[PDB]
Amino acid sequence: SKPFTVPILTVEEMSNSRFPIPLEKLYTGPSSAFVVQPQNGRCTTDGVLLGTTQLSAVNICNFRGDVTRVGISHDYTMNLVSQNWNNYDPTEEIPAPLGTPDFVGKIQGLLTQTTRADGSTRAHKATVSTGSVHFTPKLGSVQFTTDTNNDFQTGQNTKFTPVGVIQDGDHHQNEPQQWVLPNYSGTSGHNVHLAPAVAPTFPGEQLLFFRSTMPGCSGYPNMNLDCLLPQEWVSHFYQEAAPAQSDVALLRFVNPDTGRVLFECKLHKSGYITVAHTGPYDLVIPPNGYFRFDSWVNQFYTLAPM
């Protein structure tokens, strides 16, 4: 059977799988107060994509479609199409289009448009509120607030490129809520075909997160964004499709400088990592450190404490 491996890229050489930004650091913390059920960055170790996960970071939280103005406001409805501008199919057994945001928050970026007939183009600052009742990507539409009430044309290809997140109100860092899934069909129905929630089950363990800081674009947002797998690990597993020989892949995080192991962790075959630690901890690592697969173990493997 094809030997299983993880990439040798360093943490800072990799990308967040939940927003199109680089990874910054490794983080572990308690998750008892949350349901940890992200839909992006979800892949089994033998390369089966889950949730809304697709293969490149540059498509995450992007939207494409045609737009129509909401009444006489500055808001626009986007009728979604696929990444390559073909019709979107709501009957596919996924929660929402691949790459759809998987948290409740207000994402700011630019909404851009081209007029096919003459090549004229335009761009406006725009925000999509994923907690809005008008955030219905599974049904095929989302709503943007923009800085125009007149410049976008109907029936023309329009793209949203995400940049960061915003916040409103006296309760600082109250949004985004990275561990709260949107209602992908709004009030019309419940979420479907979700990748499952993940949680540590073994005493003394926590999830290990790959952490980034989302750019902030207004107010006082919570800019923390944790993913379960780097995007490059998703791509690696998808391509290698190495069969899992047990429930858990034991990984060692190694310093090339000394050859020494810094810590070890459990990569569960369903695609998330646990470590033996309790409480919030920004891991202290050398920048050239990397993960190495060492052996196939089970869910009850007792790790060396972090």
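Residue numbers here begin at 1 and follow the sequence given. Throughout, rigid core stands for the largest set of C-alpha atoms superposing within 1.5 Å between the two forms.
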{"item": "Farther-lying stretch by C-alpha RMS in 4 other deposited structures of this protein (rigid core fit) among 259-267, 26-34", "value": "26-34"}
{"item": "Gap at residue 168 across at least one third of the other PDB entries", "value": "no"}
{"item": "Stretch with the higher entry mean CA B-factor, where the candidates are 43-51 and 26-34", "value": "26-34"}
{"item": "16-24 set against 290-298, stretch whose average Cα temperature factor tops the other in the entry", "value": "290-298"}
{"item": "Peak C-alpha temperature factor (PDB record), options 99, 137, 169, 230", "value": "169"}
{"item": "Which of 212, 150, 161, 145 ranks first by CA B-factor in the deposited coordinates", "value": "150"}
{"item": "Chain third (lowest, middle, highest) by recorded CA B-factor, residue given as residue 110", "value": "lowest"}
{"item": "Cα B factor band for residue 208 (lowest, middle or highest third within the chain)", "value": "lowest"}
{"item": "CA B-factor ranking of residue 192, expressed as a third of its chain", "value": "highest"}
{"item": "Residue 303 by Cα B-factor - lowest, middle or highest third of the modelled chain", "value": "lowest"}
{"item": "CA B-factor ranking of residue 174, expressed as a third of its chain", "value": "highest"}
